[PDB]
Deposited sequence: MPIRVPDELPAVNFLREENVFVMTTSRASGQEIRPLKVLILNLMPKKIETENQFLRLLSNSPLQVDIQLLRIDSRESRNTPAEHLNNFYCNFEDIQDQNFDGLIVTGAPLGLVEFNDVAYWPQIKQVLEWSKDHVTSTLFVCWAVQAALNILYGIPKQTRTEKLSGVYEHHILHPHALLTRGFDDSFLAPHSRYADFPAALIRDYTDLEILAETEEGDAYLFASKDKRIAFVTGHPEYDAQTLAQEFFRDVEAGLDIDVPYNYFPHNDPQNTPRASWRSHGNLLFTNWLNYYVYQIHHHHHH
């Protein structure tokens, strides 16, 4: 935050925009943050690189620990070298937790082999984690475990780069977001905004144009949710599309993804900026809290 003379007009002006300002008449402790990533995605290293790229964009030091949900056999070397089990970290507190997506869009919760382990991490997070960010399927899991919302599935997979808008001009998690912006989705989970409004107390910060919640969070910042995959690389949707075409599914192209909707053309990461802002804002205002 800036530190300026108490009566500079910027002080009252920026405070009215929900911006914290320091004044020369008053005065912080800025220590390394501890962030845990529960990696449920099957391509473990690709997912590590995607999230760690975006967790790199703060001047704050982010000490990262990687959490595995069970010990099912990614190289076994990789997990044994770099990941911890829940019993290894259960006595620790963290500033942040990310629960990634998982390929569980079409699996009932009672058929998810590690469902008990997921309930145990989410219950523990309430007292042990300052802010937990749930991504994609983890949003569906958390809506079920924290609010008793039953699984809801779309008619077809939402796959593409979609238009969104922010709802709160002065919010922290969307600080610097354009009024409308692009972010990618790849999900069977259905997240209509009305479901979040009618069955939770969460504040909705951004929606898709079609009426889905994209970003929402608790007022105390303990829990935050993102229903897209802003961490995806340019090619990530294309890899899923080509694997489904090879299997004989012969699906549509992802929306607004390939140039001219022709999969011979190279897709670009048209969603980069607001993925960077999102993770930078989550570290700077949710994981780190000046107050």
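Undergrad: Should a student be asked to find the unmodelled regions, what ranges of the deposited sequence would be the right answer here?
TA: Sequence ranges with no C-alpha atoms are 1, 29 to 30, 77 to 79, 298 to 302.
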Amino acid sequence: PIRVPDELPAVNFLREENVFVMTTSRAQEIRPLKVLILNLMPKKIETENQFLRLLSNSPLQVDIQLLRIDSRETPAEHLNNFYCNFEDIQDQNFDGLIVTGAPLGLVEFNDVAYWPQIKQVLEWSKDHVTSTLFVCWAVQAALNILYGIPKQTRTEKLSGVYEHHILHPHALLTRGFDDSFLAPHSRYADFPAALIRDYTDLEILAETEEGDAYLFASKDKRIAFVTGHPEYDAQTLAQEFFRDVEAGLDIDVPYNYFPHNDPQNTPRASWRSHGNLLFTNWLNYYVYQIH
From here on, numbers count along this sequence of modelled residues.
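Undergrad: Between 171 to 179 and 110 to 118, name whichever shows the higher mean Cα B factor according to the PDB entry.
TA: If you average the C-alpha B-factors of 171 to 179 and of 110 to 118, the larger mean comes out for 110 to 118.
Undergrad: Looking only at CA atoms, which has the higher mean B factor in the entry: 275 to 283 or 17 to 25?
TA: Mean C-alpha B-factor is greater for 17 to 25.
Undergrad: Quick check for you: using the entry's CA B-factors within this chain, is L143 in the lowest, middle or highest third?
TA: As the PDB entry reports it, the C-alpha B-factor of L143 lands in the middle third of its chain.
Undergrad: For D201, return the chain-relative third of its C-alpha B-factor as stated in the PDB record: lowest, middle or highest.
TA: It belongs to the highest third of the chain when residues are ordered by C-alpha B-factor.
Undergrad: Quick one: classify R154 as lowest, middle or highest third of the chain based on its Cα B-factor.
TA: For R154, whose C-alpha B-factor we compare with every modelled residue in the chain, the answer is the middle third.
Undergrad: Which third of the chain does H164 land in by C-alpha B-factor: lowest, middle or highest?
TA: Tercile = lowest for this residue's CA B-factor.
Undergrad: Please rank the C-alpha B-factors of the chain's modelled residues and tell me whether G248 sits in the lowest, middle or highest third.
TA: Its C-alpha B-factor, which the entry lists for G248, ranks in the highest third among residues of this chain.
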